[PDB]
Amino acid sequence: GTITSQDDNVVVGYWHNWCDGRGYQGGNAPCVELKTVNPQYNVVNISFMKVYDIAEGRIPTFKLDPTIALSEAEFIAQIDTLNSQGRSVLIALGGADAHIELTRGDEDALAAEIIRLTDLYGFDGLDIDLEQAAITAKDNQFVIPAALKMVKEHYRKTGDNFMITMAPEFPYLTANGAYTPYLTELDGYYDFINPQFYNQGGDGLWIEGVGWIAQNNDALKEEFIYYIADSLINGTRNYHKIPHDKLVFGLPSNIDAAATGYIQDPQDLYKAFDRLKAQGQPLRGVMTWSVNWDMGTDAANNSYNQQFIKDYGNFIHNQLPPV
């Protein structure tokens, strides 16, 4: 089909290639068909491209989990339907226990497999979503950017914008931090970054007049969102610069989706986003782990009832487009 790229605000949601994931508070995340995903998720990230068995070699791939009971052809057709709705479907590279440890020279085969998978399934791009251990494993910092440059150029040749996004854990975005080689090598190739502002416990930043602002402090959630974003979009307070029109604020769907980082009161985000807007630096959207958790249950089997997309969908979609 058609590589479908995004020009306006985004609400990004990850999609699990597995069934019945266990939550941090004992809940459950079903596998769901793509066609079931709320349409306000206009970027949907297939999780994950990885190495399934090292006996198959170093190059990660994607294999649709048959437990999902969705044929190759049907998956393809559901991606095509999303594309017809103006929604992008990315392949997410990495995740926990991905076994991605590439050696220099592997970039050619990696690029090949990205293209093959993209052309097979009709993916619109790829999200770099490496686990902690992978960020600086072997030659990943060289190989992954090298391959992605080659993929971007491949599709630029027929007038297509293969999307590149990344999901760094935010503490790795300090100046000269471990994620910065991905950002610098792919400056001018990446479409937007959706960092994970969750699962980092008490990590945070100090601000004069406010104090220590932690990612796990619910009383200072507005100040967390505002100041971490402000630092990133300006390259201040010892953070690497990601421009506001390419920054998307990554969050847990609910308290089962991540250990920490869930926003108890959505108005803290509305307020933080509107401050960033008022200073001429509106962000590009939000991201969540995950559509499956947004559609999951708590430990007592109560539906989460799509609370994340209800809280943020309209807020984000009804903003002006980016510059």
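Throughout, we count residues from 1 along the sequence that is shown.
query = Do the C-alpha atoms of 227 to 235 or of 101 to 109 have the higher average B factor in the entry?
reply = If you average the C-alpha B-factors of 101 to 109 and of 227 to 235, the larger mean comes out for 101 to 109.
Between 68 to 76 and 118 to 126 (mean CA B-factor, as deposited), the higher = For C-alpha atoms only, the mean B-factor is higher in 68 to 76.
ask   = Between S253, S88, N161, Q196, which carries the biggest CA temperature factor in the record?
value = If I rank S253, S88, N161, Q196 by C-alpha B-factor, first place goes to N161.
message = Can you tell me which of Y41, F273, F48, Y52 has the maximum CA B-factor listed in the PDB entry?
response = Out of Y41, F273, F48, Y52, the record gives the largest C-alpha B-factor to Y52.
key: Ranked against its chain, the third holding the CA B-factor of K149   = Tercile = highest for this residue's CA B-factor.
Ranked C-alpha temperature factor of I263 among modelled chain residues, by third = CA B-factor rank for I263: lowest third.
query = Ranked by Cα temperature factor within the chain, is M287 in the lowest third, the middle third or the highest third?
reply = Its C-alpha B-factor, which the entry lists for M287, ranks in the lowest third among residues of this chain.
request  = Compare the C-alpha B factor of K221 with those of the other modelled residues in its chain, then answer lowest, middle or highest third.
outcome  = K221: CA B-factor falls in the lowest third of its chain.
task = Sort the modelled residues of this chain by their C-alpha B factor and say whether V248 lands in the lowest, middle or highest third.
result = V248: CA B-factor falls in the lowest third of its chain.
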